[PDB]
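A.B. asks: Below is the sequence, then the experimental coordinates.
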Amino acid sequence: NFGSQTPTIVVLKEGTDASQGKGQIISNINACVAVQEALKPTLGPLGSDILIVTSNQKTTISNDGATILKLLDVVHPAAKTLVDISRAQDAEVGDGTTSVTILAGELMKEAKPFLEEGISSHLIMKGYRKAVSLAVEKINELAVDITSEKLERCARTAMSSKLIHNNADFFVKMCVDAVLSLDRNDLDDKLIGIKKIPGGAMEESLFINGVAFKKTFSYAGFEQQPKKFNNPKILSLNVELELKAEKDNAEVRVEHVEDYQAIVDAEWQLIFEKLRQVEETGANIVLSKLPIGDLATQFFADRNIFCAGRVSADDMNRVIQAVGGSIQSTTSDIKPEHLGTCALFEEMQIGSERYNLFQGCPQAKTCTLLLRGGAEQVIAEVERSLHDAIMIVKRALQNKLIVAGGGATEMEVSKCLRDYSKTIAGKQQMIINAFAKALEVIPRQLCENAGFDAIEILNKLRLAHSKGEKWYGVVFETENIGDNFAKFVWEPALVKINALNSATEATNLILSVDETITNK
Amino acid sequence: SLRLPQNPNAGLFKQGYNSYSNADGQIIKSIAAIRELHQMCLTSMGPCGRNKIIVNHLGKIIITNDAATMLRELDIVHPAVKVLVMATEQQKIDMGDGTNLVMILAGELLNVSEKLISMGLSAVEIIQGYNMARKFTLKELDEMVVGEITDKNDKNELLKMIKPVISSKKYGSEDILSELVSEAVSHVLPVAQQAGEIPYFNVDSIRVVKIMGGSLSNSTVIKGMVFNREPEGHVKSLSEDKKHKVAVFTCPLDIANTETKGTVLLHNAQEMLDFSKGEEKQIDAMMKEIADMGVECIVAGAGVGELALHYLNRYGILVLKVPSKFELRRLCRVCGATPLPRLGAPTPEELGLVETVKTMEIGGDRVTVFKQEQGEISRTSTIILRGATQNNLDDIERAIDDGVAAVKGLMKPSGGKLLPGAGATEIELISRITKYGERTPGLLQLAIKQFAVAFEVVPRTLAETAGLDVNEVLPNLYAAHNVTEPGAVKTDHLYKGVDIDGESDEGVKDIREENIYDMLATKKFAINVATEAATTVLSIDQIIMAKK
Amino acid sequence: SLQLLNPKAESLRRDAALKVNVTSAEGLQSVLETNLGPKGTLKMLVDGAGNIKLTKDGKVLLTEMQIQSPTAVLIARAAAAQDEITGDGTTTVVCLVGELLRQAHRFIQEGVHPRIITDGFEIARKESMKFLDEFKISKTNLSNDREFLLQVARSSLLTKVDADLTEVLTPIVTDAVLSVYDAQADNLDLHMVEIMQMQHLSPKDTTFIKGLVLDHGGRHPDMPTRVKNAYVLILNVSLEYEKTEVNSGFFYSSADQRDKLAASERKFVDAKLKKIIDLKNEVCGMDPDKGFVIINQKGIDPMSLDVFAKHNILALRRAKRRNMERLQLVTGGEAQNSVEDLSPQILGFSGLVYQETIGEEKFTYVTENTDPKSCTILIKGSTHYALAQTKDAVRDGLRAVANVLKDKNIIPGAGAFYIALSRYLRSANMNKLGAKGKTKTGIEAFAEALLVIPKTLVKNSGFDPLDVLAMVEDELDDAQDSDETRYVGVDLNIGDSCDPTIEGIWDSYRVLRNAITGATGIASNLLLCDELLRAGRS
Ligand SMILES: Nc1ncnc2c1ncn2[C@@H]1O[C@H](COP(=O)(O)OP(=O)(O)O)[C@@H](O)[C@H]1O
Ligand SMILES: Nc1ncnc2c1ncn2[C@@H]1O[C@H](COP(=O)(O)OP(=O)(O)O)[C@@H](O)[C@H]1O
Ligand SMILES: Nc1ncnc2c1ncn2[C@@H]1O[C@H](COP(=O)(O)OP(=O)(O)O)[C@@H](O)[C@H]1O
Ligand SMILES: [Mg+2]
Ligand SMILES: [Mg+2]
Ligand SMILES: [Mg+2]
């Protein structure tokens, strides 16, 4: 009435995306199948890697479902479910991140034609949620209660599909010793902190019973100190050893000029009193989070006392557990008993960077190896490969469960699901059998990357499960199919349980969605 | 002829202002504007309801099946639709249960009102019709009630309460999700049987901490609480029994600096020598009175200094950061400690009791646990919720808030007063309200009649979302109520309802053995606020907007 | 609702459309009502080309100025139909429609439906016809008195120009319809009078000519301008051939045949002109003071002007189509196209024919006819706008005096019919109601809307309308009881009531008929209009 136009009131804002119809949920499935296609050829040892460069021109080379999806800023809402399960699988277990993604995409891709039919959404979710309960129980029967024979074999399989798989003869021998230093019920991940060294060859690495940290600063009296101590003693400090303000303030009134000379000498008196208390206990190695001034390091440089600074708190916490000492933020409360010790000390040239080596302790909680390589991605790939393998042998100590690898777990579970679907209820026979053949995507693509024909493989797996009761899987060496127990290929069961639970939770999340709202 | 005069005397108001009167079918358009988002609610009610993706301008996504939650993020232009947003927001704040109903009922009252206004009924009579129907609706809800709880704590009774509530939001498996709530409700309640004390319960007591990884079956019920903190000095498993003591300080563990220009002043060298050692001896002397009381863990409220930390970890005193007000208050309720801001001796009566403080790897990050034991129970327990997708953690967490909100419904009224669910409570009111229309004379009878027709949406929605044909399932259910109460007592035709999965025909095998019911307090305010949503939209005949 | 069909559409419904119809009518009323009466103001229609024109008629003001509003287009179209059939009373139509919508909208705001309001206007309209047929008076026009036609013409021409020019021009209007009359057939043509546009001495120096006046002069100097006795001869075929319909060409065999084929065209010219020369000497040879003029519609060959110039023959060309009917009515001749048959009986007669050189052109004057059945009016003026002003004055004044002969009845003017019709439409007892408390609302609205005409005349004169109408009301209160039929008017000189019949103000019968009928129909349909819409493809 107040205007000749009379505009029609739109419900939502301008620019909001479309709504209900035909093809809304199918677009979310095709969006997941699109992301699933990129991670498709990266499966198994005979796969490939993915090269990505973001907007900031940071090069990265990897074949991990979490790392590839982390750098890619995914804006599609349904596609970020794959990002969440990858980080959830990477945070806890650290292996098989991909096998969780290429599996959830197949369940959603297998749910595509059922959604085109008149099947409701809840019927498909009830099938997977009822079938995954039997798959978890079936994997408990596939897994063994192994206790005999007292780590070595589990690490070789976790290093697959990336760089150090071929060098497993050298890296697995020292990687097993990394977790044996850690005792039960603690399992501290920060003690396995490893740093970057651009330059060198990966073969020249070695095992270290302690820590090796960069100094990150050149002091005036650094060269005067000896680099080799026969019986060193470590003492960790936190007080700032330099001439400056004492406690967060600076204001000094002086009336007489005779006392003006004494107040300056008092500052010189207390700073050497602070340093002399460190000298009297016989601490050869001095370490502090805060900076150390030139006055202190030259006082230590005269009488053969090494010192260093500019280190992080995470590095300091690794130093205490390696030497077995403690933190002392006051020089007056220093006692002889709290000083850590080791066998020897030697500063070595490593990639044009100096590192203070500690090794030979009788009881060390720390394993820290120097990663040297040609490119910055080589040292990064060796880190992620070891970080994924160290989690497997870490949790192998927590519980002793072993299942057959090479896609053998998926086939044995699928056969019982076909028997369970054959028996009862009629309607869900198509859904469970659809879940069965969709679960076989792991050995499907594992052989396609090997160059073998999938029909001859998949026909041999099904008809040979009777004599191949449980340990029946693929073998890449002889170009044939046989028992995996003789080949000594092992893998834990925790990757399989979390994969199906995360994949079943991922597909059921957006299967209960038929809408998409995007404001602005 | 080439151009109109374009609404003269339009300069009375600005060009951006527009009027919208009842004529020109605009009230029909407002009903159609409700119909746009109301159909979105059809596929979100019930156990087979489908969640919704809502991508905000910031990119924060929340996937959900609940009305009140989804309507917060959507920016709405139509004011009549915003009445439903604030009506459902009132439903979530007060009762925390029955928000789709507020949306699906009040939208259908406007739908059937589209037929009434088109027939020629005045708007004043329409409000009088639903108000007279509301007084009869709330009256009969108290009459057809069956069953009661009568016990605050029981293993089997809580399965009847929590399970029908969380069945709508993230149904999944029934037992693994219901046991996490029924175990946590028993921990926080002050039972105190045979004392005559007033019960008390807080919604903020039970709180869920989201941790990625794991699976839904690995979720456990923690007696205490949890944060993602790191001890500063050292970590301790604390295998020593003979329980430790707890002292809570809200001020930082440091020297109480002067609020007005705290600056050093040293006139001579004698003060320079003693000022460095004076701070060490002063901080040490304050820790002696604290350490002699046998305390081994202190929860700090703000940043702690390094000198104070050096004397705390000397005697093995754990340090915990809680840099906020509510995070510090929730922890005192567990151990039952009374904080004091002074840095002196904690009082022995005020010291808390915690047996063990463990630090283990759950989500890959460092977390600190405060599990109590059966002896010396505590309140404000937490639930470790494990899942793969962060979006699913958000909706399951709000399902616990809805379940915890349902436990609040037992404290204020005299008891439980459960009703039959699965559409049985809605379909019974259709016959009672229809009979009420026949008893009253006047032109308001059509308003009473259409009020009953609006209640068919609950069985029609559950039959549509369940993948069944509503034309056959709905009238098959009417046969149970068209055979009305014969001369025999103890008639069991009231428990007939719809069924999502199973037998043909659909009248469910009772909602009985199934153990699904509804709360009276939810239905009272839901029908009240839903009628107010339709009252305010139908009572207004002119709408004025600005800038659009 | 209309925006869903066409977003580019608009609609005003049931309150905004009513204000548009009433405000556009009142806005059109407030601008155009000032021209009503003799004291009205003059408007200057200055277009983009700089053409200046003075007028007071609402037809030409609305024709040149395009109307943007949709309501006023319907009122302008009503003024067109009024000016078309009648030629007078356009200002009364727009004032009645504006006042009827004003008085009606006063009651629509009181909660009355437009249907019964328009029902009262139609009953009030039919009641006015039963009042009008009794109010008129019959006179005998067989006497053909000049005094009645002068005062009737003076009433119509005073509303166009001031007094001194009206007295000069008011005999010209009465002289227009002297001989044009037929008692039995009752046929009277208005288009036979010819309006010539020319610049001369002044507007106040015009005069009436009995015979015809053409705007074409003699091409050759040798032909005589003064002719004492002329026999006209009507030609229609072109003496100068424009083009041969069948294509042809003269292909000569030798140079000797060139001038002979040029003479072949001379033979056909001499063939048709020889009968013209034979027609001259057939009447009488060597007769002084007896010319012979030829009026041709199409062009004349300049080569043939020497033949007409030797025999002293006046030849004119490029005459108008409607003038061919006017020649036989004035001169008493007979129209002819070809020259196959000729005789002295078909020829007309004229007592005096002369020409005058005014500027770069010459005008032919033919006067002194025996029994001419037509005439002409020279519109002389001192400018361009006075010609159009006097042309509109004559074209509006010819219809007022011509209607007296078409129908002998005539209504007194000076607002006498509008004042007398107000009382008659006050109380319809049991004559024509139709319903209780419904039709009477429209009867009151129609009665009050008719009295705006005498009030508008008083507003232009500069006196109070309520004061001068109070004595008019008091006069007619005692006139009914005095047992004497008396018609009262409105005198704008002193501001006092008057007698139209005594003073000399009259209105035509067909003006009030079409004005009340056209205004009531447009006022009814605009009240029934509840919504305005627009739609189309740009
Ligand atoms: N030595 C091996 N022989 C056969 N199959 C293997 C071997 N090592 C790994 N696999 C298979 O490769 C699959 C993927 O494991 P892996 O490469 O460690 O992680 P990702 O899933 O990220 O590729 C597993 O399902 C496993 O069965
Ligand atoms: N398994 C089931 N069988 C039959 N009816 C059910 C089942 N689960 C839920 N319902 C019914 O569906 C209705 C959904 O209520 P709803 O408004 O979604 O609750 P909330 O307020 O928690 O969202 C309930 O009132 C209940 O009666
Ligand atoms: N001299 C006059 N005195 C009083 N009224 C007059 C006079 N001349 C004209 N009128 C009134 O003006 C009205 C319209 O006359 P006129 O102006 O000639 O037509 P129009 O308004 O169409 O130009 C007539 O109804 C008549 O009553
Ligand atoms: Mg791997
Ligand atoms: Mg509920
Ligand atoms: Mg006139």
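C.D. replies: Great, that's in hand. Numbering: from 1, shown residues only, chains lettered A, B, ... in the order given. Ligands and ions are numbered 1, 2, ... in the order given.

A.B. asks: For the closest residue in space to residue C:269 that isn't next to it in sequence, give me its contacts.
C.D. replies: With sequence-adjacent residues excluded and distances taken as C-beta to C-beta, 6 or more residues apart in numbering or on different chains, residue C:269 is closest to residue C:304, at 6.1 Å. C-beta here means a position set from N, CA and C on the backbone, and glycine is covered the same way. The neighbours of residue C:304, taking C-beta atoms under 8 Å, 6 or more residues apart in numbering or on different chains as the test, are C:239, C:240, C:269, C:273.

A.B. asks: Quick one: neighbours of whichever residue of chain B sits closest to ligand 1, just the number.
C.D. replies: Nearest residue of chain B to ligand 1: residue B:388, at 16.0 Å (C-beta to the nearest ligand atom). Neighbours of residue B:388 under the rule other C-beta atoms under 10 Å in any protein chain shown: 31.

A.B. asks: For it, give me its contacts.
C.D. replies: With C-beta under 8 Å, 6+ apart, residue B:388 has these contacts: A:84-85, A:88-89, A:498, A:501-502, A:505-506, B:212-215.

A.B. asks: any idea how far it lies from residue A:158?
C.D. replies: 21 Å (C-beta to C-beta, to the nearest Å).

A.B. asks: What of residue B:398?
C.D. replies: Distance from residue B:398 to residue A:158, by C-beta to C-beta: 38 Å.

A.B. asks: Over to residue A:9?
C.D. replies: Residue A:9 is 60 Å from residue A:158, by C-beta to C-beta.

A.B. asks: who's in contact with residue A:490?
C.D. replies: Here residue A:490 is in contact with A:153, A:154, A:157, A:402, A:403, A:404, A:405 (criterion: C-beta under 8 Å, 6+ apart).

A.B. asks: Without its sequence neighbours, what residue ends up closest to the third one?
C.D. replies: For residue A:157, the nearest residue in space outside its immediate sequence neighbours is residue A:491; the separation is 5.1 Å by C-beta to C-beta, 6+ apart.

A.B. asks: So the one you found sits against residue A:404, correct?
C.D. replies: Yes. Contact status for residue A:491 versus residue A:404: in contact at 7.5 Å, counting by C-beta atoms under 8 Å.

A.B. asks: which parts of the top helix by length along chain B are buried?
C.D. replies: Ranked by residue count, the top helix of chain B under DSSP state H comes out as helix B:269-291. Across helix B:269-291, burial judged by 16 or more other C-beta atoms under 10 Å in any protein chain shown covers B:269, B:272, B:280, B:283, B:284, B:286, B:287, B:290, B:291.

A.B. asks: ditto for stretch B:59-79
C.D. replies: For stretch B:59-79, by 16+ other C-beta under 10 Å, it's B:61-71, B:73-74, B:76, B:78-79.

A.B. asks: Which of the contacts of residue C:304 are buried? Put it as a ChimeraX command.
C.D. replies: Of the contacts of residue C:304, the buried ones can be selected in ChimeraX as follows, counting by 16+ other C-beta under 10 Å:
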select /C:239,269,273
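
A.B. asks: re the thing from before, which of the contacts of residue A:490 fall within helices?
C.D. replies: Filtering those for helices - DSSP H - leaves A:153, A:154, A:157.

A.B. asks: so who does the second one touch?
C.D. replies: So the one you mean is residue A:154. So residue A:154 contacts A:392, A:393, A:396, A:402, A:490, A:491, A:492 (C-beta under 8 Å, 6+ apart).

A.B. asks: hang on, the earlier thing: out of the buried residues of stretch B:59-79, which is nearest to chain C?
C.D. replies: Closest approach to chain C among the buried residues of stretch B:59-79 (C-beta to the nearest C-beta): residue B:78, at 15.4 Å.

A.B. asks: Now do the same for the residue lying closest to that closest one once chain neighbours are set aside: helix, strand or coil?
C.D. replies: Spatial nearest neighbour of residue B:78, excluding adjacent residues (C-beta to C-beta, 6+ apart): residue B:33 at 4.6 Å. Classification of residue B:33 by DSSP: H, G, I helix; E, B strand; the rest coil places it in helix.

A.B. asks: Enumerate every residue touching residue B:33.
C.D. replies: A:9, A:11, B:78, B:80, B:81.

A.B. asks: The residue of chain B closest to ligand 1 and chain C, how far apart?
C.D. replies: For residue B:388, the distance to chain C (C-beta to the nearest C-beta, to the nearest Å) stands at 47 Å.

A.B. asks: wait, what's in contact with the residue in the stretch 51-200 of chain A that ligand 1 sits nearest to?
C.D. replies: Residue nearest to ligand 1 within the stretch 51-200 of chain A: residue A:161 (3.3 Å; C-beta to the nearest ligand atom). Residues near residue A:161 by C-beta under 8 Å, 6+ apart: A:42, A:43, A:44, A:45, A:47, A:63, A:98.

A.B. asks: So it, which state does it fall into?
C.D. replies: coil.

A.B. asks: which non-adjacent residue is nearest residue C:417?
C.D. replies: Nearest to residue C:417 is residue C:411, by C-beta to C-beta, 6+ apart, at 5.6 Å.

A.B. asks: is it true that that neighbour lies in a strand?
C.D. replies: Yes. Looking at residue C:411 with three-state DSSP, it is inside a strand.

A.B. asks: What segments of the stretch 101-250 of chain B are strands?
C.D. replies: B:207-212, B:220-222, B:226-227, B:244-248 (DSSP state E, counting those that start in this stretch).

A.B. asks: swap that for the stretch 151-300 of chain C, please
C.D. replies: C:195-199, C:208-209, C:213-214, C:234-235, C:293-296.

A.B. asks: how about the ones you listed in TSV, adding distance to chain A and mean neighbour count?
C.D. replies: Below are those laid out as TSV (distance: least, C-beta to the nearest C-beta, whole Å; neighbours: other C-beta atoms under 10 Å in any protein chain shown):
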stretch	distance to chain A	mean neighbour count
strand C:195-199	47	14
strand C:208-209	57	16
strand C:213-214	57	20
strand C:234-235	63	22
strand C:293-296	62	22
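
A.B. asks: so how far does stretch C:62-70 reach from one end to the other?
C.D. replies: For stretch C:62-70, the first and last residues are 13 Å from each other (C-alpha to C-alpha, to the nearest Å).

A.B. asks: Please point out which parts of that stretch sit buried.
C.D. replies: C:62, C:67, C:69, C:70.

A.B. asks: Please apply the same query to stretch A:171-179.
C.D. replies: So for stretch A:171-179, counting by 16+ other C-beta under 10 Å, buried means A:171, A:172, A:175, A:176, A:178, A:179.

A.B. asks: Tell me how far residue C:331 lies from residue C:370.
C.D. replies: Taken as C-beta to C-beta, the span from residue C:331 to residue C:370 is 9 Å.

A.B. asks: Tell me which of these two has more neighbours.
C.D. replies: Taking other C-beta under 10 Å, residue C:331 and residue C:370 do not tie; residue C:331 has more neighbours (26 against 10).

A.B. asks: The closest residue to the more buried one other than its chain neighbours: neighbour count?
C.D. replies: Distances taken as C-beta to C-beta, 6+ apart place residue C:348 nearest to residue C:331, at 3.3 Å, with adjacent residues excluded. Here the number of neighbours of residue C:348 (other C-beta under 10 Å) works out to 21.

A.B. asks: ditto for the one 10 residues further on
C.D. replies: Number of residues near residue C:358 (other C-beta under 10 Å) recorded here: 12.

A.B. asks: Phi and psi next, for it.
C.D. replies: Here is the backbone geometry of residue C:358 (degrees, to the nearest 10): phi -120, psi 100.

A.B. asks: same question, the one 5 residues further on
C.D. replies: Note on residue C:363: its backbone torsions stand at phi -110, psi 130 [degrees, to the nearest 10].

A.B. asks: ok, now how distant is it from residue C:329?
C.D. replies: Counting by C-beta to C-beta - residue C:363 and residue C:329 are separated by 20 Å.

A.B. asks: And residue C:291, by the same measure?
C.D. replies: 21 Å.

A.B. asks: Residue B:548 too?
C.D. replies: 74 Å.
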